[PDB]
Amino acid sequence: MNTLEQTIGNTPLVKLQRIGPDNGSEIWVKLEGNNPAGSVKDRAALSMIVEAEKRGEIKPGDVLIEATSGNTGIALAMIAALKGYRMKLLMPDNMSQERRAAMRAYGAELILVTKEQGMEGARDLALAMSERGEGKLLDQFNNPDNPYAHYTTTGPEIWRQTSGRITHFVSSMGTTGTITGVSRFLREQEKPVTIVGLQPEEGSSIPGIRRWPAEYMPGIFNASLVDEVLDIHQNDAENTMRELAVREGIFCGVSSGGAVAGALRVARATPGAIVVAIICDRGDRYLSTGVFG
């Protein structure tokens, strides 16, 4: 159609010109910050909602519920404003103003729990509400429609954009929808492709992702779809993030620096590798946090 919805997905895939070893390997980055609301989350938000519409579970005017407050919140608030839904976002009351402003700007309703109840308290209340019938819960960590988005758009795009030359795919794992969906699609190809997931080192804090308890991975995660899982140190992610802006002109977030850091490790260890890493969002919303300056 002719709406903002058609600008989601089909993000550019560009090759890094300067960082990276000179051993024949190539590093390409998928610019998810190009999505309308600035991040890879626009894909899963659209998919979770669109697929629910297709099942008759929801229709414009309905209330949507989710506990979150980062890109998923921004993305859901945007899809809600775009498609005509009432979005209710649950989060602890210690959110910066700017942080909640990104979600409120789209007209989403922010429902606060106590700092103490924290993110888990929010998850619970959101669930309480969906079971009472106060609105459809999206649940990004378990909703198969999340990876479905990447199985149908992101992965095919990457395969088409690298003309099937891709040998390694690198993704920082949050819900794991991106790595799960993209892997699912790549496995269907004859040519083998190594799937590399990244998680923060214990103690490291990288916005957008988290280190999952060994046996407490999100429901949509499928260990057999990931060939390797690497740890990325906060500092290493932040340095690569700043290096991307300075040496490539690519202004992205911390997890994106982490993804390229991982792609660098891979490229260095494998001459000739054709690595694709996901750049999750732009760096704009990180400016106030000082990671840049």
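When you see a residue number, it is the position in the sequence shown, counting from 1.
- When the two stretches 268-276 and 8-16 are set side by side, the higher mean Cα temperature factor goes to 268-276.
- Averaged over their C-alpha atoms, the temperature factors of 27-35 and 53-61 are higher for 53-61.
- Which of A214, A75, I179, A81 has the largest Cα B-factor in the deposited entry comes down to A214.
- Within the group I158, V170, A149, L125, the record's highest C-alpha temperature factor is found at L125.
- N239 sits in the middle third of its chain by CA B factor, as recorded in the PDB entry.
- Annotation for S130: CA B-factor lies in the highest third of the chain's modelled residues.
- The entry lists a Cα temperature factor for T68 that places it in the middle third of the chain's modelled residues.
- The deposited CA B-factor of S183 belongs to the middle third of values across its chain.
- Remark: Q97 belongs to the highest third of its chain, ranked by C-alpha B-factor as recorded.
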